[PDB]
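The form solved without acetyl coenzyme *A is given below as one chain in structure tokens.
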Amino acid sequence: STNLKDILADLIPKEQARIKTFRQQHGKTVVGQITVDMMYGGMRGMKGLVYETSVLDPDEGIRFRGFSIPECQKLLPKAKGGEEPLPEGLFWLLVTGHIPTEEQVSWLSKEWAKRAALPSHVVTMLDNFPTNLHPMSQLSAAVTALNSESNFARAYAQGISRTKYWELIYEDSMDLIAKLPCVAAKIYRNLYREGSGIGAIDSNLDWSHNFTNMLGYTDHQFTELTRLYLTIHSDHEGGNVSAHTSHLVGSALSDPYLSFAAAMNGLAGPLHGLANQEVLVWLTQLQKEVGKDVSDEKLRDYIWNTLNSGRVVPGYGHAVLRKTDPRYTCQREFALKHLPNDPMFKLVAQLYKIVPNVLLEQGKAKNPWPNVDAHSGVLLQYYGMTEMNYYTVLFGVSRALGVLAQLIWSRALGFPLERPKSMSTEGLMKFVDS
């Protein structure tokens, strides 16, 4: 009823049969060609893995189990007296395919409070890390260390049936999601607040509010932004580096802690997780010359004096998108309601007219619209979260929801080891002659 685990248990047989029917109809059907260029080009355009939780709709954005972001904002439970989707509900949806009821989210909230405790060895390890060790490295190291708590790893050693893998994966995943805020908040407080303590979990708060409590914030609107932020960054298909890493490492039957920590190492990469900070450095830098008020000359110069120089207007491209990311619109509506008078937001609102001066003149992007990362930093900074090195941790905590919801399903559905074939250049040259 409220126990997500039993609801999952009832869903899994239906999904297994649906896949079995489809593979029996179409297993041998060709869905794509592989070219030499796709192998050299990081598998671009190659349909390579199944990933159930989210799908990129080319005209409406990311859908979560079919629901668009605006749909999730309408339908998902909010905290009482609040406007923003609770990330608990998002997880419920990713796991079940169903929009939760208020009571389901409430149950899930209390489940994560109960499982939140950190083992002292992780606490010690985090307390001992130096300030020159990047927050994302701290996050990945601590999650790896948490695998001492893995129920899945122990049960596998004792020869548990394949038919039960999903159960222990579920337990580990809920445990991990529950702990993430505590870990994330210890990192923040140790780096940016002189090692002061995270305080206690409250058995009756939502995940996001426990999170902002432990970070040391007390600002309803900040907690509301966190709720929205954790919801919208949660999943973005399977092919992104963090999701795919988790998928790949998970397919070797590494437990959720190891799979997630590997993912965070992937997220830590500059071409994945650093877009947020780039933008905010640029915007801050833009109020060097501009001051508070300007024009498109101001803008198109760099726009052309940068895009035609070599670099970019940060936060106006993607790897497969094609329209104003709903993830941006999300934050914009947020900012228009709650901080209309903020200079930087105002600048960001100004940039949303100009840089879309159809930058297709150069023809180099195939995307003249702002992505998620264009809006995120200003909002964080407004609420007093200024330590940009930390922003990708927030992204990580969010992404946990997506990749763990899929990990449960990968094991439920008996997905095998990911093991493609590689070739050398020499090898490929000989293969093509024949």
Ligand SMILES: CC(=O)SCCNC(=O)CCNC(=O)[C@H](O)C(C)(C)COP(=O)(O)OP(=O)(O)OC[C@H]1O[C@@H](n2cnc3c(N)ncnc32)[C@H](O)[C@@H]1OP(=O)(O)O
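Heads up, when I say rigid core I mean the largest set of C-alphas that superpose within 1.5 Å between the two forms. We number the residues from 1 along the sequence you see.
Omitted here: the form solved in complex with acetyl coenzyme *A. The next part is about that form.
- Scanning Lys364, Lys292, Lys80, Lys74 against acetyl coenzyme *A in the bound PDB entry with a 4.5 Å heavy atom cut-off leaves one residue, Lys364.
- Only one of the listed residues (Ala335, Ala155, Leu307, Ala178) places a non-hydrogen atom within 4.5 angstroms of acetyl coenzyme *A in the bound PDB entry, and that residue is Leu307.
- With the partner left out here, acetyl coenzyme *A still marks one of 370-378, 31-39, 386-394, 47-55 in the bound PDB entry; by a 4.5 Å heavy atom cut-off that stretch is 370-378.
- Remark: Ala200 does not count among the residues lining acetyl coenzyme *A in the bound PDB entry, judged by a heavy atom distance of 4.5 Å or less.
- In the bound PDB entry, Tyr316 approaches acetyl coenzyme *A with a heavy atom inside 4.5 Å.
- Among heavy atoms of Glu278, some come within 4.5 Å of acetyl coenzyme *A in the bound PDB entry.
- Contact annotation: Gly159 falls outside 4.5 Å of acetyl coenzyme *A in the bound PDB entry, judged by heavy atom distances.
- Contact residues in stretch 203-239 (any heavy atom within 4.5 Å of acetyl coenzyme *A, taken in the bound PDB entry) are absent; none meets the cut-off.
- Here the rigid core is superposed between the shown form and the other one, and of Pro58, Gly41, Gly32, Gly27 the C-alpha of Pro58 is the only one to shift by 2 Å or more.
- With a cut-off of 2 Å and the rigid core superposed, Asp296 has a Cα displacement that reaches or exceeds the cut-off between the shown form and the other one.
- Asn151: CA moves less than 2 Å between the shown form and the other one after rigid-core fitting.
- Taking 2 Å as the criterion, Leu359 counts as shifted between the shown form and the other one: its C-alpha moves by at least this amount when the rigid core is aligned.
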